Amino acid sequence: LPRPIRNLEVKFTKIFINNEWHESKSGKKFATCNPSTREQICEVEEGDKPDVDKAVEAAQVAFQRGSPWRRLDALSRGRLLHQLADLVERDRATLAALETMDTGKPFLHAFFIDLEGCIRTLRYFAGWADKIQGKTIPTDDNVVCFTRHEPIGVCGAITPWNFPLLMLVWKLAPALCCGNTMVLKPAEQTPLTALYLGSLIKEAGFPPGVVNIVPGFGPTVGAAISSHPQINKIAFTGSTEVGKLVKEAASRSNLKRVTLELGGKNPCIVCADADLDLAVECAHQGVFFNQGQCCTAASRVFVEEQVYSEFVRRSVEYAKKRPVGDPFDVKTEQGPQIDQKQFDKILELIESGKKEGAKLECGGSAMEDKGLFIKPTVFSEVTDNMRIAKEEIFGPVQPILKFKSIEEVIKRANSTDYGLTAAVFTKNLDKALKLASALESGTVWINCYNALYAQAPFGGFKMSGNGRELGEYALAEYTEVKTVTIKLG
């Protein structure tokens, strides 16, 4: 196991433009606080519209025809991404420590999950660089028709506080592999790993202006990016409400392309013939992973009547044994919630459960009267009309609903405006495939949960998003199709 870095000094705190560090144009700065201790970590330069303008102009110059970035052969863009992955691997412990300090997630989770995801995603897209292929299309005997899959141009990337570096890398890896330039805006709560990544981008050898990073607030920096007349594409991960604002501003300004990865009301369907211990363990990790602060979180655990009582019993047992505490301690599986507004929202939803008729099986309150920790909570006798079964909790709360038939559970699982993920637990071939086909979700897991691969696309149906991240499908978000039609005389 890697040794934790409990007292790490943050070195990178400025705006990154043209491979140089800059103070904000206004001189303003903002603080980032450690959610575990509640103390201030450091001050970071606070960007605004003039800093975004400078970042966009640097990205435009780096993207113009004839530039060192545009002239690189396809395989050299791949080599640059591999070198970046090598540096992320070399500085893996430092990056994980910065993520633990900023988010409160356990150091070993940031090391083995977030950083592993970053490295695998960078290596995967490094391999696509010389494999982005268009088509030659048969038309007429005297015509030569083909398509080019060109880079779009300047890509904005706006990311959230729950998986800061990973959500950034999910955008940067396909964007750079396709030949685009970028302006990145990490969440104001979590700017540290993004700024450290900027130092690795320069050391890896990327030409200046290819990647630019402007820390700051959503309505200031984020809105300057979404409305920018010279940004050609935006990729956003965060709340559905902010995703709607970003896409509206993009449409109002220059019709820039927009990919959105938003929330979900994700179901977890446990059939009577499931491997019950596997279903209990996966639905537990599904609800409680990252303190329940994950877009993939299970928010509705539907269990067939035949195994309902036993499933609740084993779930209550798992929830009570989960070690909650200091993220740097090796034993910890659950750190604190990110902030007060998030924490208070969870407790208000927990209170709503008892009042509406759900049976509080365990937890249901804070761990201590000072910290941001909530005790792993489980509710049984949950019905569809309840608040704990309709609203995204984003916390450690497991609502367990009962069902009788497959046709019934398909209708109930799909009765939401969302569709990010779904999970099915059954040993039966036909039920597994029938449910995988019928569930309106971007990812359907069978007999597993949170099984992500850099080669498998991820994204939402309905209000859970537009477009896909990961896999070959990610390339379509970062390229523009040009048809060239030549008529021979």
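For the two forms, the rigid core is made up of the largest set of C-alpha atoms that agree within 1.5 Å on superposition. In case it trips you up, residue 1 is the first one in the sequence shown, and so on.
In a rigid core superposition of the other structures in 7 other deposited structures of this protein, 353-361 and 184-192 differ in how far their CA atoms stray, and the farther one is 353-361. Stretches 76-84 and 324-332 differ in mean CA B factor, with 324-332 having the higher one. When the two stretches 376-384 and 227-235 are set side by side, the higher mean Cα temperature factor goes to 376-384.
In the deposited coordinates, the residue among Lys244, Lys185, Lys345, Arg257 with the greatest CA B-factor is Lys345. In the PDB entry, the Cα temperature factor peaks, among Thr220, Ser315, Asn266, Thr147, at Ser315.
Among the modelled residues of its chain, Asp430 has a C-alpha B-factor that falls in the lowest third, as given in the PDB entry. When the modelled residues of the chain are ordered by C-alpha B-factor, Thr181 sits in the lowest third.
When all modelled residues of the chain are sorted by CA temperature factor, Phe107 is found within the highest third. Ranked within its chain, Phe394 lands in the highest third, by CA B factor from the PDB record. Residue-level temperature factors show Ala358 in the highest third of its chain, judged at the C-alpha atom.
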